[PDB]
Amino acid sequence: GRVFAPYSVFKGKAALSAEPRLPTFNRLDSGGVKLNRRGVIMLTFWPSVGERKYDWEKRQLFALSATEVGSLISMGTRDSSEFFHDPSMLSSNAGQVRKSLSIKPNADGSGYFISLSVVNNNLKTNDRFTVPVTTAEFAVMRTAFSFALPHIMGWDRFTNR
Amino acid sequence: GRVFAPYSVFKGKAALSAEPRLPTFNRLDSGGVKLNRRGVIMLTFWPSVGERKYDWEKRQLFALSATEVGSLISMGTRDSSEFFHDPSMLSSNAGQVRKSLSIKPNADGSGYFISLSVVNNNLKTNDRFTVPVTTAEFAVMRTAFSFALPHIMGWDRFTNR
Amino acid sequence: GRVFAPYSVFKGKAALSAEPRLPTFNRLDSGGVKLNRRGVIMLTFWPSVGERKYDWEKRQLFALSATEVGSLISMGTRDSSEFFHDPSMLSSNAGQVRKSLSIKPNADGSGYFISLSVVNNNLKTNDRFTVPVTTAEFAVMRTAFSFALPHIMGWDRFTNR
Amino acid sequence: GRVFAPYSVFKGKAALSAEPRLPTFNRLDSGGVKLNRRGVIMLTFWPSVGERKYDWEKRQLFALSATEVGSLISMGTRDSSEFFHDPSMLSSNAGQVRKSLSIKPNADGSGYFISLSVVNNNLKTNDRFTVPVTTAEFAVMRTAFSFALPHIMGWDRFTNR
Amino acid sequence: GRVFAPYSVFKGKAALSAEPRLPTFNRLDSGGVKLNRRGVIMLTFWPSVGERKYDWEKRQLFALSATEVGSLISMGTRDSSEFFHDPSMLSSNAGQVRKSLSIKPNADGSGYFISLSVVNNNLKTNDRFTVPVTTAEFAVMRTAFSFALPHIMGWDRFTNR
Amino acid sequence: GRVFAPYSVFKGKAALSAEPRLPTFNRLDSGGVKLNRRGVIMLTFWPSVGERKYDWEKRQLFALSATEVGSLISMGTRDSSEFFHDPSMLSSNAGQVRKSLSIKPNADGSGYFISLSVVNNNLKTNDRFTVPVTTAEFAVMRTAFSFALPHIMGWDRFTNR
Amino acid sequence: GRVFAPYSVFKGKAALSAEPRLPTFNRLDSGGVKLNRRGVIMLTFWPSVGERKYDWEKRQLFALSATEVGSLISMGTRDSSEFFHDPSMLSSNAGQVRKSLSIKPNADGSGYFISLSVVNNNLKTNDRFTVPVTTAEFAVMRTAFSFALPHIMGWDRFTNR
DNA sequence: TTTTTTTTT
DNA sequence: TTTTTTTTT
DNA sequence: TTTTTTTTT
DNA sequence: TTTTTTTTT
DNA sequence: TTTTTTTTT
DNA sequence: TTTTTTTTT
DNA sequence: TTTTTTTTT
DNA sequence: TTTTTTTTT
DNA sequence: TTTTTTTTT
């Protein structure tokens, strides 16, 4: 059964949520099990409409791979990273939509800015949601993501009894 | 005529406002003018009741003297100060109410916490309002307070024509 | 009466101008005066068409709040800031136009780049004007903005006689 | 006769190519020769469609001037530069298309990211090709560009016999 | 009309007061105005007789020139200055009275000592009043003196409307 | 009416004086006011003829723009600047007279040398007046110039009531 | 045949151009070739008359020897050089005209100022053209001059086939 | 007497 | 509502 | 003999 | 127009 | 007993 | 809705 | 396809 | 044209 | 009571 227990941060202009998507497995004829579709850590961004209210209709998604998760948890206070995703990569609609996720430290050292940029060349849209994340909040993510990393890789299937 | 143009900061648990109170002068018989009651920079604190709404009924006040203003504008990024006021000093009700205003830097260096503590021994109350103030916001105060300092001292009366 | 005395910087690809917009006050029935609409420091950008000539028709505006002004005047040589504005915030047309103003130091240390980016999702436009600002020019702004800060806050109404 | 000997770098999401465009000269009536159209170092970017295959149809160009070449070859390991070009500068169609070329070091120090951004306000397109360039690859460019610089300036015409 | 709004510091053995003396102007026949007698910042010292009471009869004065004011406001935490005045300079009674004003930091760094020495060779007197001035108090002076400097120079007459 | 309240420094070989020239405004038909001719800070130099007497007949002038003023007030102890002016710039007599104003620190750190050089190719003259300026004196200028900067820009017209 | 492919920099008050002058050779009777008149790198300066227009009539020239070229290309970011030339050296008109070429870094480190001073004691003229040169522009010169150095020395005649 | 010029209301 | 008080004109 | 391959003219 | 000059083949 | 609240499935 | 793909059992 | 333009021979 | 909003007199 | 003085309009 589905599970919905997102870690969410709500700020001035936008909201950020993160939750794991487990890998899917295929039961081999040989009897064993073979990992099929890889797990990710899914990030959802959406804007604040009005006052302390948020427009879930206008959300944008970004799926962190295991490797991108490893990059986030291994970041220093002063480090920054940027990932670039094509939702329709290798499909017919490649090149049309372009997503970039950036994690930059703020000048104070009091945390990071996490922003998703989405440029759609089909719909002629250019969205950008930015969310400030404290040292404490990013500590929660690093710890939660670290906990989740072995699961999205499916290594939690390697358990004694 | 009265003027109400406060600089205010609204945060999670409380609001902070600041505005100058000009000095009062007494017109000498000799003809000149003599400064009477000294100006201050008045600070008002009040708590947030409910969500992004604030209880003006529960406000507490603290009046910065010229000297206390000079201490605020001359503070370094890393410095902190604390002032201790008795509203009814030298009156019959002295010792009953005790106010302390503290300005402490936050660990990040991203600003300060400005808190007013009010201990009333008559009403058996103990209030405390704390407000986080960014580097930018405190820059506004230092600049606005510096502008205001000569006025609360009444030195703006020393003007050529 | 209206006053037009902008401080302007004209460079290769664009022009930058800055001038204060005073606060508006409402005359209370009580007799006093209450600050209504807040002052800003208005920034105007516009591109250079042809040679040393500029297209005023294509100007874009950005209004610095008191707090954003405090952030500009308190910047170090090596510091950078970025502000993000929605012209139609909280109105029906929110989310449609998105403005970002960035102040970044140049590598030499000889000043800053001040750029306004405007992304309009209604008109499908994406404008960007950048202006190089020397140490001397930014010194003029910091001094002029500092002078103006108490006025846009309306604290120049707190004057003895 | 035309010569096609580009130095090219092929990476995950895009390809980068560079080659010199010689200056054109006009034979004076006086007898001598006068440099007419200036040489450049032409950069071509294009995206990877499918797997290790690239869509030459979707290429974007950027022409480095002598001065921009001088800026590239004089860059330190830790330095970064950004150039901003209007293809139709001073023509009727100015302002419509806007190209920015950035060279930023990567965090490791193992090279640079070289990206071309193209914003077209006529066709409502927003393209961005980024290519990672190792220390060795950028060494090739600096050396090749340095070799080429005197030629695109036409100084290779000043030769004894 | 005369204005009396001194900034005063009261300490153990003596009191210190400071206030601006505006410049006097002469109305030219040509129509304009010509600055006549220069402004100063007047310092008054007087001793404490008895307990927390001060002998205004025994006061001594020292008039800071614009230049001496500039020296005070530009002092570092660790700096010290000394000024030497002859009240009857260039008059018949020159050499008779000799005043020296010293500003020395205290060992702690918690401020300065400001002392006036007056040696009168006519009356055979040798007075010395010293006043401890905190960092906050000297911050008030620097800010108040800086505000006043343009006025004692008469530059506040150069105003648009 | 005209105002003459210069800040002047008199030294061994020459005298230096500085005073603001306000901007001139044009009353729009629209009703408002438009800044016309820009303000400056005017510097006058003249030589000492005889002993402690100065030849006002031989004075030379130099007009600091707002930007040049910003450069002076933002100078470090160790910094130096040089400005180059053509009095008859863009007029028929351009190129004939050439003025250079230099501010260099002296070796001791006890101030600056401020010199005006005037080379006139019409009259075949080459004048040079140098004036030593202490830390205190230059503090007066920085403070006075900073006070004056908003006025020569005409920003003192942006005042609430 | 003559070749005209100068590298030129156009700035506010003056223009700077540089191009190589090859050495002249004398064909020995012995059969070989003997270098006669030495090559230089010729610098031309000329002033800007009007707006972004330059007075080629008023140009002044300065010829860099091989050794002076070696000094320019071996300069550090922080270094400065000055060369002093007599156009009519050893001729009858020696001493009459005096040219000095200076290369000084600007305070920011963003490049250099390159100025030619020409003092003519026959015509009683004193010219001075200064041109700001960025790091990139001076990189072009160093690279172009380095390329040209062997040619002005005539070492490009030592070639295998 | 003064380095100018670029965009409005 | 506000920490006061000390010295004149 | 040589590490190849990816995009044109 | 250009700082020259010093030693050969 | 516990600081809440903001967006779905 | 989600950047894919490469090697088995 | 390419950011231009300013001064000669 | 301009990022708003929160508390009085 | 106050350190002055030097150059105009």
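Convention: sequence-line order gives letters A, B, ...; per-chain numbering from 1.
E:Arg59 comes within 4.0 angstrom of no nucleic acid atom, judged by non-hydrogen atoms across all strands. Within 4.0 Å (heavy atoms only), G:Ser17 reaches at least one base atom of the nucleic acid. Among the heavy atoms of the strands, none lies under 4.0 Å from C:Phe83. G:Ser91 comes within contact range of no nucleotide atom at all, as no heavy-atom separation falls under 4.0 Å. Contacts of G:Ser8 with the nucleic acid, taken as non-hydrogen atoms under 4.0 Å apart, include base atoms. Contact annotation for E:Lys99: backbone-only contact, meaning every heavy-atom pair under 4.0 Å involves sugar-phosphate atoms and none involves a base. Note on E:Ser48: nothing from the nucleic acid sits closer than 4.0 angstrom, heavy atoms only. Within 4.0 Å of F:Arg52, counting heavy atoms only, lies at least one base atom of the nucleic acid.
Judged purely by atom type and a 3.5 angstrom limit, G:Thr44 has no side-chain atom pairing as donor or acceptor with the backbone of G:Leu61.
Inter-residue side-chain proximity for F:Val33 and F:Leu28 is flagged as unmet; no heavy-atom pair is nearer than 4.5 Å. Using a 4.5 Å cut-off on side-chain heavy atoms (C-beta onward), E:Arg38 and E:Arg21 make no contact. A heavy-atom distance below 4.5 Å is found between the side chains of E:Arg2 and E:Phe4.
The minimum heavy-atom distance between A:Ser48 and A:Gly12, with the atom names listed, is OG-O, 2.8 Å.
Shown are G:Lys99, G:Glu68, G:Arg98; of these, the side chain to side chain donor-acceptor pair (under 3.5 Å) with G:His85 is made only by G:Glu68.
Taking the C1' atoms as reference points, K:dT1 lies 13 Å from N:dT8, given to the whole Å.
With values rounded to the nearest 0.5 angstrom, A:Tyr54 atom OH is found 8.5 Å from A:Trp46 atom CH2.
Adjacent nucleotides M:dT6 and M:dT7 fail the stacking criterion: their six-membered base rings are not both under 5.5 Å apart at the centres and under 30° between the planes.
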Could you go over nucleotides 6-9 of chain K and give all protein N or O partners under 3.5 Å, atom names and distances?
from, atom 1, to, atom 2, distance (Å)
K:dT9, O3', G:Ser30, OG, 3.4

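Comparing B:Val40 and E:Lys53 by the nucleotide of DNA chain I whose heavy atom lies nearest to each, the residue mapping closer to the 5' end is B:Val40.
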